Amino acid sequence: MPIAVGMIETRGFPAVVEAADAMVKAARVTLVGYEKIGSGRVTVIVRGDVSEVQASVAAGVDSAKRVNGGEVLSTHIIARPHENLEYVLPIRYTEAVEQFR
């Protein structure tokens, strides 16, 4: 069975930490990633079963909006990401977080 990727991007760092906490609390997913691209835009990346990933992104968005100064910019889930993406984009598991799989 495949490993979905879910992503929440926020403007502001405290919002992105709450997004991540809410995601890993709401469903059986692993936080693998935190990406900065400039202009205040930060993305947290989780992996898991497609439906847990759905459950976690919904939770994260709800909670990140209730952060004081919290702004959500974009979200997306990919149920079955192409194998090529792991080797280029920072969406991959690390050994640090492998205990959470």
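From 1 onward, residues are counted along the sequence shown.
Two stretches are in play, 32-40 and 56-64, and the higher mean C-alpha B-factor belongs to 56-64. Among all modelled residues in this chain, the alpha-carbon of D21 has a temperature factor (C-alpha) in the middle third.
Annotation for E86: CA B-factor lies in the middle third of the chain's modelled residues. Residue-level temperature factors show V5 in the middle third of its chain, judged at the C-alpha atom. In the PDB entry, a CA B factor belonging to the middle third of its chain's modelled residues is recorded for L73.
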